[PDB]
Amino acid sequence: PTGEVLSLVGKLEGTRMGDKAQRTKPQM
Amino acid sequence: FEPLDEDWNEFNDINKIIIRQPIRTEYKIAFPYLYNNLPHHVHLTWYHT
Amino acid sequence: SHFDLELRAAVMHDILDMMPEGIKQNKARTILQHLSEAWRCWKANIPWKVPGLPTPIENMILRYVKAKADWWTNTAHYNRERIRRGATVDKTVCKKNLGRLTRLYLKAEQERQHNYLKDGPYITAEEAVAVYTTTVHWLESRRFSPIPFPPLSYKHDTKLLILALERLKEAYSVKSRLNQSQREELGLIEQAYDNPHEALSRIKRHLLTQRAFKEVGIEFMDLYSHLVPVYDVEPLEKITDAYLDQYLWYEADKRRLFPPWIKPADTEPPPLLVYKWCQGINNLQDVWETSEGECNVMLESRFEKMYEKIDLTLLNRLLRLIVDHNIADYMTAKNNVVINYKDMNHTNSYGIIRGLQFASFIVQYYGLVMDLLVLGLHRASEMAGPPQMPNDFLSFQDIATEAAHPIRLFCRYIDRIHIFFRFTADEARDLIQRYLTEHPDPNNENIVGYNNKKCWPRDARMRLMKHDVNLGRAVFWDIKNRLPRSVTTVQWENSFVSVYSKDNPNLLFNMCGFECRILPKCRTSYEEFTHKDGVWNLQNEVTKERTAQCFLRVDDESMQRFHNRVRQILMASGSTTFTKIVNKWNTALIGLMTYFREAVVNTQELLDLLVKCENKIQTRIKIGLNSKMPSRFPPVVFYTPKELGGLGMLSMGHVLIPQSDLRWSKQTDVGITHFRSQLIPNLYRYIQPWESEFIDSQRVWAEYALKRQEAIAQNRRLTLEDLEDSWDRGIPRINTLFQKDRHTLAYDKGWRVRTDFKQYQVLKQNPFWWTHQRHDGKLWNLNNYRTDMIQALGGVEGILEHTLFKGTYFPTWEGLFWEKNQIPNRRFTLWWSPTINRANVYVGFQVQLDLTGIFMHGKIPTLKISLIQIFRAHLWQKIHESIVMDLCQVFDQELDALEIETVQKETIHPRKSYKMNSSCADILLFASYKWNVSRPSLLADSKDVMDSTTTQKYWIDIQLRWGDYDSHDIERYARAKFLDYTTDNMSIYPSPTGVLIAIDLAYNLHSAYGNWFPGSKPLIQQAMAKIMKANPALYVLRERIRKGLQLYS
Amino acid sequence: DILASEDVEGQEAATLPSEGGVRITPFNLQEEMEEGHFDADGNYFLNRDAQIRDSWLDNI
């Protein structure tokens, strides 16, 4: 864990793309 | 050692090739002109005593 | 550059050594003046000629100019070859190389225009009559009414002039400091705002009268791969050109000039174009059935030199059919003007000026003339349909006219064409025979030279069987025959033909930056259905069952342009702030991800490239802080949002927050309490994919249509109550209905191609070229990213431990504010000093500052320049003496309650306040008779059992600390220093019973460890609370820290 | 642009080199201005003329 950002190759199994993406409410 | 990308053709069609025994590296090294494309710097090995 | 200087010295020696002494004394100061003038006149493309010069020395000058010209040209090409491949170089090298290649391209353009003026027109009369009568037959087949001149009051001229002035002022809203020529333009635009009818009269007078124009300036945008011109136009003409642009697009949209195959449209982001093209490939009549030898052909190509090969007279003759003739004369007259670059003037007579306002019309109409040459009049009439009932994009009248001809899908992006053919067996055999009749191939050579897509695997791309290659060559030959080579030219080396047959199970194309591979369900294995991103599932319109899959990738040119953008960001100078680099990275990463939404996940090379560029960006800041490479470095330095003092860097990678960096601490009246609160959230999860965003767009717009149809019949106006579900949704966002500018933006037709052609007018680059926020709404949400970023780092209290916050003595964070977008480097370094200057960041090497107890790990000059300014003029010793004197005044009063007979202030050595090898006592108490002492315990420890070891002398020592993020626990520090200094042969203490009080300045903590006589511990607790609340020297330290950090409340 | 020795507001003396085996920083910016220089914004640039590179001298 010496910094060193890692690649996302193979490190996505249960993570989709649309998940945890929320919309805003209309303001007033 | 460190080293000193081919499209499909009519020639290398795998529907024409009968796969019976897997060709290894020592087959290509023992007979370097029968099983190799581009044999640039190979040497002919001693056959038998 | 020294070799060229030695060559010039050798040339001058060969000149001067031939002449005798009476001429050596003259030509040393005669030749050297015009010797530079000849090279300057060559560089400015001026023909060099001077009277009174002999001919052999003139030939020597010409040989000198020719040799230096060859050296200079090869040097410029080698410098472009160095920076194209990605080799690092100084910025001034690229800045000079851009000017060198600018002058070379200007010398090429001035040569080719004179070659056009010399050789005559390259077009024949018969081809011109052919395309003219073809355009006449097409426009008479559609009953097109020509665009009239706006007579006196069109009653829309005001809104169009407002739109034109808004598009003109859209560029200058970035910076607030401009040049004088730009202030003149803004003054002219404001005078156009002030009096609209006089401006309209000036526009119409320039349309009906003016045919001569001021010179147009040229510059080049410095891309690392491909130079692109930017044109500069006089503003008085630019206002008229913008109004003409607006009026032409608004009239041509109402008169239905452009067929629906011409792209980009105002409805569509280009990935929607790709999705609808895939749906149109899927929904044909039996498109994947190859049981009887049918074939599918996918041609994609580009019209080579479409912008340079437009003859202006032919353009005027083709343009007089659709508008008024004075309008066509004005559009032709602007193209014939002199282009200037700083010394070089040349007139333009062949090819259009692409950087004009109205030029976005000229490319889209002239390319329409290409569609009558390629597609044919009958098939274009079958695709577009009748004028009284036009067809939709990729739609036909019936199924019979759909399948009546092989040319059955067509699309044209601005100069790239995409055609899709369906052949039978006999038609393919006839086309191959017609190809092989004129072009025989006895040696089967048409395999070598076949453009193929290497990004896919070997069994995934096109399999080069001989029949399919011959069919592809025949298709490209049949398309190339239909275009006269004087008008336009297509080339095989820039094209691509994919064939789907019995021997080819999948189809390939490249469109809008997407690499698409279509693969049918019946040509592969079973149902299995493992869900992957970047895999579009294709279904039929009628039966609604699955038929094929679409695989998406990013092409190589997009990744190379992104890597060139990263290399442009890493060209920042040493005086550039860190926040500017992080903002450029954030802009580039959003401009990559929000366009290539669903396809970044499928390609692996781009996922490696993003992580590699992100580590280079972080290394750029790591080297900027300290010269020596750190062994570790915290990500919370980078990924902290800008509100909390961080950089706000976006994340595409796998970074894990290490344990024991999510701990925090807080000291209150009951003591010191510790608290403990993982992966950094990524960007791609916070963005909707295109397919779901398309299906939802169709749903919300169908529900809007039904609600509008219900609201009309009930005499009801739709409000925010009925649409507060369909918010943030639709391709054009539903939110755009709640614009103030509905009647203003409803008159803006053809905005997407204008936004794409802004690149030839504005010197800066344009991310988000494919969209406009007023017309589409907003297409991403990133408040959830910042919320999850603050939540993932351990909360605000977990972040603020790294940030030197508790040295400032603010009770909360919420009432605080920063002094004002960008933070300097000194303030950033002094803010994040507790987490940079640590033992586990710069390993091994540590030193101590002279007058403080600050340990510097490594050496940091940018933090030393702040720690000198904060701790100047012996503030460490003054704080120590102030704490000692205040505690002495505490122990002076309340004398009889503790049975104290004498308090004594020890003679403190002036180096005692910062030496840390040993210590000495500071305040000595004498017992009146005897004192019972307890075991050595903490300041907050209440379980005290006192021994019988009665002593008389008591000692109090005061220690200071300047800690870091991992070593700031003051209790264990005071205990370790007590057990060290009471058990060593170097420290001196007159009494075996005492106490040590430790105060950490970097977090303002205090504790005590040692022996306790009765009544001493609550007195010392209340006294140290009173000192830490009310010491004036600590207040001087705190106000100096708040002055240095520029943090106020 | 470059910072002079008057724009430091509070340099002091250089009394002792070390104590207890710990090297003492001399509290002044003299050696940093000898090795490199400052800009107006407080960043530091280092001179890079060390040709022989003397692999024992770098880490003593």
For D:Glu19, enumerate residues with amide H under 5 Å from its amide H, sequence gap 5+ or separate chain, H modeled in the peptide plane. D:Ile24
Quick check: Cα centre of the range C:720-744 to Cα centre of the range C:337-366, how many Å? 40 Å
Whole-Å distance, taken between Cα centres, linking the range C:521-565 and the range C:132-187: 41 Å
Looking only at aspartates and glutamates whose Cα falls under 15 Å of C:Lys930's and that sit 8 or more positions away or on another chain, we get C:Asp896, C:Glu899, C:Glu901, C:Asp947
Summed over the other residues with a beta carbon less than 11 angstrom from that of C:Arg142, with K and R at +1 and D and E at -1, the charge totals +2
Report, in deg cm²/dmol and to the nearest 500, the calculated mean residue ellipticity at 222 nm for chain C, where each DSSP H run with n ≥ 4 adds -39500 (n - 2.57) and the sum is divided by the residue count. -13500 deg cm²/dmol
Relative to the present Cα-Cα distance, how much length would full extension add between C:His197 and C:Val448 at 0.36 nm per residue of separation? 83.9 nm
When the Karplus curve 6.51 cos²θ - 1.76 cosθ + 1.60 is applied with θ = phi - 60°, which whole-Hz ³J(HN,Hα) does each residue of the range C:795-810 get, with x for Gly and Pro? x, 5, 5, x, 6, 5, 6, 7, 10, 6, 6, 6, x, 9, 6, 8
Using Cα-Cα distances under 8 Å and only pairs 6 or more residues apart, what relative contact order does the range C:474-558 have, in percent? 24 percent
Taking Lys and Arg as +1 and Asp and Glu as -1, residues besides C:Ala572 with C-beta under 10 Å from its C-beta add up to +4
Cleavage-rule hits (trypsin sites (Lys or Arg not before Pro)) in the range C:52-158: DSSP loop, at most 11 neighbouring Cβ within 10 angstrom: C:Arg85, C:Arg143, C:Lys155
Three-way shape label, the range C:304-345, alpha-carbon gyration tensor, a/c 1.5: oblate
Counting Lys and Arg as +1 and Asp and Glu as -1, what is the net charge of the other residues whose Cβ lies under 15 Å from the Cβ of C:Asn444? -4
Go ahead and run the numbers for FRET between C:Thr668 and D:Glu19, Cβ-Cβ distance against an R0 of 25 Å, rounding to 0.05. 0.10
Under 5 Å from the placed amide H of C:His1006, counting only residues 5+ away or on other chains, we find C:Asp1000
Farthest positive-ward along chain C dipole, Cα basis, beta-carbon charges - from C:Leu650, C:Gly534, C:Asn506: C:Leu650
Is the range C:1-59 best put as rounded, prolate or oblate by its Cα gyration tensor, with a ≥ b ≥ c the root eigenvalues, rounded for a/c under 1.5, and otherwise prolate when a/b is larger than b/c, oblate when not? oblate
Over the Cα atoms of the range C:702-845, what radius of gyration and what Dmax do you get, in Å? 24.8, 81
Equivalent-ellipsoid semi-axes of chain C, from the Cα gyration tensor, Å, largest first: 72, 41, 30
Could you name the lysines in cross-link range of C:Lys49, using Cα to Cα under 29 Å and dropping any fewer than eight places away on the same chain? C:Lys24, C:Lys27, C:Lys66, C:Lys68, C:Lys96, C:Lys107, C:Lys118, C:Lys342
Between C:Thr92 and B:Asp13, the FRET efficiency computed from the C-beta separation at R0 = 60 Å comes out, to the nearest 0.05, as 0.60
With x for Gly and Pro, the residue-by-residue ³J(HN,Hα) of the range C:363-375, computed from phi through the Karplus equation 6.51 cos²θ - 1.76 cosθ + 1.60 at θ = phi - 60° and given in whole Hz, is 5, 7, 7, 4, x, 4, 5, 5, 5, 6, 8, 7, 6
What percent do you get for the relative contact order of the range C:25-113 when only Cα pairs under 8 Å and 6+ apart count? 26 percent
Here, trypsin sites (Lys or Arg not before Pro) of the range C:407-496 satisfying both criteria (DSSP loop; at most 13 other Cβ within 10 Å) are C:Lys454, C:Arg458, C:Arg482, C:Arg485
Can you run the Rg to Rh ratio on the range C:831-870? Use alpha carbon positions and the Kirkwood inverse-distance Rh. 0.92
How far apart, in nanometres, would the label points at C:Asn179 and C:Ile399 be if each is projected 7 angstrom from Cα along the Cα-to-Cβ direction? 6.5 nm
Whole-Hz Karplus ³J(HN,Hα) for the range C:203-216, in order, using 6.51 cos²θ - 1.76 cosθ + 1.60 and θ = phi - 60°, x for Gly and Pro? 5, 5, 5, 5, 6, 7, 10, 6, 10, 10, 9, 6, 6, 9
C:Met221's amide H: which non-local residues (gap 5+, or another chain) put their own amide H closer than 5 Å, with H modeled 1.01 Å from N in plane and none for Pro or chain starts? C:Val228, C:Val230
Prolate/oblate/rounded label for the range C:26-93 (Cα gyration tensor, a/c 1.5): prolate
Listed residue (D:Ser18, C:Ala588, A:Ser7) projecting farthest to the positive dipole end of the protein assembly as shown, Cβ model: C:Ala588
Distance violations [Cα-Cα > 23 Å] among C:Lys155/C:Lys263; B:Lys28/C:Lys453; C:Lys169/C:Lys238; C:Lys622/C:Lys915; C:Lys622/C:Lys859: C:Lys155/C:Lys263; B:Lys28/C:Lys453; C:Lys622/C:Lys915
Could you pull out every one of the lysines with an alpha carbon less than 16 Å from that of C:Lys305, ignoring same-chain neighbours closer than 8 positions? C:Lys480
Rg/Rh ratio calculated on Cα atoms of the protein assembly as shown (Kirkwood radius): 1.05
Give, in nm to one decimal, the length gained when the segment between C:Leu227 and C:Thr424 is fully stretched (0.36 nm per residue of separation minus the Cα-Cα distance). 66.5 nm
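For neighbour counting, all protein chains shown are included, and Cβ atoms are generated from backbone atoms with ideal geometry for every residue, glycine included. Every number in this text was worked out from the coordinates using simple rules, so none of it is lab data.
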